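Chemist:
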Amino acid sequence: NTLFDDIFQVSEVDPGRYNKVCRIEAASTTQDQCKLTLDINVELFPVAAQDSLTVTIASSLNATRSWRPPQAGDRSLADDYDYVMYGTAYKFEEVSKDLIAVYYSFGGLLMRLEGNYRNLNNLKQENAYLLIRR
Amino acid sequence: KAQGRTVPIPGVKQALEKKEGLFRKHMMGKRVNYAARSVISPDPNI
Amino acid sequence: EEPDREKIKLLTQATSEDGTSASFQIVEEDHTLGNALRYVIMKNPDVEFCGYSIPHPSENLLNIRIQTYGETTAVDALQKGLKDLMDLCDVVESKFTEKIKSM
Amino acid sequence: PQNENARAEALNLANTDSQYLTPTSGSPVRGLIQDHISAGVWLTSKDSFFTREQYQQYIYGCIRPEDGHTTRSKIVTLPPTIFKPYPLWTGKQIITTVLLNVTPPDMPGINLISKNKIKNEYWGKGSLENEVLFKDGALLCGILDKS
């Protein structure tokens, strides 16, 4: 099942001497205090400034032994989104009263989400899928 | 400790202290069997 | 007639009990067959893991590891790989002969 | 050496592996020297991505179970960091997989927070690529230098 879901507005797309990766600076359209910093493979999923991205954090896809390449007739949560990444949560930081910022790593491709209400759902799990639409 | 003869022949004291000495050249250090020498070449596959 | 046993050998020190996974050692071979064979073995939907490794350039050896999922042994995956590479070469040889005439 | 007592000594006391640290300062005197350092800065870079075929090749290329390099008798592989559109593995994931197959299964993964010789400024804006991070035997942040 899902742990986080929101639509973000892109404010920056920086390569930073990288030919395939970009550091995305985003802000939530629903929540005011919510902020995002995420590294994406721009070669596969290109992101432009002033774009609407539906970023979603899930635990799995609706006990698995190992990952297998796609084979005819396989259904996944990934079929609804365009770009999907698998990573782990490594740091839980608290910024002033009520605000909490989580740190994720999708194999070097880092993410930093800042919020407040997600303290219950978002937990340091060695398995967290990140799915993006549009 | 002997009179000058018109380099003299070395005595037994001289034999034990020829250069570094019998103790240094043939006891503390020795030429060995089952050993080889060669120029080293680099290898990242070993 | 006598079949040579030195060419292909199964490294039992690495072979799985099933055996779904095995390491094969081929003499007088390198990247030429190696990279071409692992490419074809990897197209098999049952092959989980496959790669090739040359232990050292001075020694004439080629190692190819085939890890599969169930219902297929590593030996079968290798036999399919060789059978498909032969057919692949026939396709290349057929298309080249046709284009020579097409000129 | 021509006897087992002299063999045992050359294999357990004067052997190379037991000489990782010099007794002068207790610091290492063993490590990779030139191409390997330049290769690591490129392989562990964010820009370095690899397909299933490429990834598995790099694993077996350096880890051979037949030569007793493995600790699990089967090459274990991590899932890709990119699932959709194309399945892709990061460069840092190869370093995680090499440790996952050479370190004992009975013991937990390594936890280390180190630093790099290359400052974050070189890798662009807001990068943390100087901070070398290992969590449960997984390279999650930072490239690997001579350091």
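Residue numbers (full-length UniProt numbering), protein chains in the order written: chain A, 3 to 64, 75 to 146; chain B, 442 to 447, 451 to 490; chain C, 40 to 142; chain D, 638 to 784.
For each residue, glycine too, the CB sits at the ideal point set by N, CA and C.
1. Need the endpoints of the beta strand (DSSP E) that residue 63 (chain C) sits in, please.
2. Residues of chain C with a CB under 7 Å from the CB of residue 696 (chain D): which are they?
3. So the candidates are C:52, C:89, C:138; which of them puts its Cα closest to the Cα of residue 116 (chain C)?
4. Establish whether the CB of residue 490 (chain B) and some CB of chain C are separated by less than 8 Å.
5. Just the chain A side, please: which residues come within less than 7 Å of residue 684 (chain D) by C-beta, in chain order?
6. If we count the other Cβ atoms within 10 Å of its Cβ and call it buried at 16 or more, is residue 7 (chain A) buried or exposed?
7. Within its chain, find whatever has a CB closer than 6 Å to the CB of residue 127 (chain A); leave out the 5 residues flanking it on each side and keep chain order.
8. Going by beta carbon distance, what residues of the same chain come within less than 8 Å of residue 478 (chain B), once the five residues before and after it are set aside?
9. What three-state label does DSSP hand residue 30 (chain A) in the structure shown?
10. Which of helix, strand or coil does DSSP assign to residue 120 (chain C)?
11. Is residue 693 (chain D) close to chain C? Criterion is C-beta to C-beta, closer than 8 Å.
12. Count the other CB atoms, across all protein chains shown, that sit within 10 Å of the CB of residue 57 (chain C); report buried if there are 16 or more and exposed otherwise.
13. Would you say residue 683 (chain D) and residue 99 (chain A) are within 8 Å of each other, going by their C-beta atoms?
14. Determine, using beta carbons only, whether residue 81 (chain A) comes closer than 8 Å to chain D.
15. Quick one, are the C-beta atoms of residue 124 (chain A) and residue 113 (chain A) less than 8 Å apart?
16. Give the residues of chain D in contact with residue 44 (chain C), contact being defined as C-beta atoms less than 9 Å apart.
17. In the structure shown, what three-state DSSP assignment does residue 88 (chain C) receive?
18. Excluding sequence positions up to five away, which residues of its chain have a Cβ less than 7 Å from the Cβ of residue 679 (chain D)?
19. Check whether chain D comes within 8 Å of residue 116 (chain C), counting only Cβ atoms and requiring the distance to be less than that.
20. Residues bridged to residue 654 (chain D) by DSSP?
21. Which of the three DSSP states, helix, strand or coil, is assigned to residue 55 (chain C)?
22. Tell me the start and end of each unbroken beta strand (DSSP E) in the segment 690 to 738 of chain D that is at least 3 residues and wholly inside, in chain order.
23. When the cut-off is 8 Å and only beta carbons count, does residue 50 (chain C) lie next to chain D?
24. Only counting the same chain, and skipping five residues up and downstream in sequence, which positions put a Cβ closer than 7 Å to that of residue 735 (chain D)?
25. Please confirm if residue 95 (chain C) has its CB atom under 8 Å from at least one CB of chain B.
26. In its own chain, which residues sit with a C-beta less than 6 Å from the C-beta of residue 717 (chain D), not counting the 5 before and 5 after it?
27. If the cut is a Cβ gap below 7 Å, which residues of chain D does residue 41 (chain A) touch?
28. Residue 142 (chain C) CB to nearest chain D CB: under 8 Å?
29. Could you tell me whether the segment 79 to 86 of chain C touches the segment 118 to 128 of chain C, using the rule of 3 or more Cβ pairs below 8 Å?
30. Quick one: does residue 687 (chain D) have its CB under 8 Å from some CB of chain A?
Modeler: Taking the structure as given:
1. Boundaries of the beta strand (DSSP E) harbouring residue 63 (chain C): 60 to 66, taken from the DSSP string.
2. Proximity of chain C to residue 696 (chain D) at the Cβ level (cut-off 7 Å) is accounted for by 90, in chain order.
3. Closest by alpha carbon: C:89.
4. Interface residue, yes.
5. Within chain A, the residues near residue 684 (chain D) are 20, 21, 22, 23.
6. Answer is exposed; the Cβ neighbour count stays below 16.
7. Excluding five sequence positions before and after residue 127 (chain A), the CB atoms of its chain that fall closer than 6 Å to its own CB belong to 36, given in chain order.
8. Residues of the same chain with their beta carbon placed closer than 8 Å to that of residue 478 (chain B) are lacking, with the five preceding and five following residues left out of the count.
9. DSSP places residue 30 (chain A) within a strand segment (E or B) once states are collapsed to three.
10. It is helical.
11. Using a Cβ-Cβ cut-off of 8 Å, residue 693 (chain D) counts as an interface residue toward chain C, since at least one Cβ of chain C sits closer than that to its own.
12. Result: exposed.
13. Judged by beta-carbon spacing, residue 99 (chain A) lies beyond the 8 Å limit of residue 683 (chain D), meaning their Cβ atoms are not closer than that value.
14. Under the 8 Å criterion on CB atoms, residue 81 (chain A) is classed as interfacial with respect to chain D.
15. In this structure, residue 113 (chain A) lies closer than 8 Å to residue 124 (chain A) by Cβ.
16. Under the 9 Å cutoff, chain D gives no residues; its nearest Cβ is about 18 Å from residue 44 (chain C).
17. For residue 88 (chain C), the three-state secondary structure derived from DSSP is strand.
18. 685.
19. No, its Cβ sits nowhere closer than 8 Å to a Cβ of chain D.
20. The partner list for residue 654 (chain D) (beta bridge, DSSP) is empty, contrary to what the question assumes.
21. Looking at residue 55 (chain C) - three-state DSSP - the assignment turns out to be coil, as it is neither helix nor strand.
22. List check, beta strand (DSSP E) in window: 719 to 721, 725 to 727.
23. Cβ-Cβ to chain D under 8 Å: yes for residue 50 (chain C).
24. Closer than 7 Å at the Cβ level, and outside the excluded window around residue 735 (chain D), lie 699, 700.
25. For residue 95 (chain C), the closest Cβ of chain B is nearer than 8 Å.
26. Hits under 6 Å: 724, 725, 726.
27. By Cβ distance, chain D contributes 683.
28. By this cut-off, residue 142 (chain C) is not an interface position.
29. A contact exists between the segment 79 to 86 of chain C and the segment 118 to 128 of chain C.
30. Cβ-Cβ to chain A under 8 Å: no for residue 687 (chain D).
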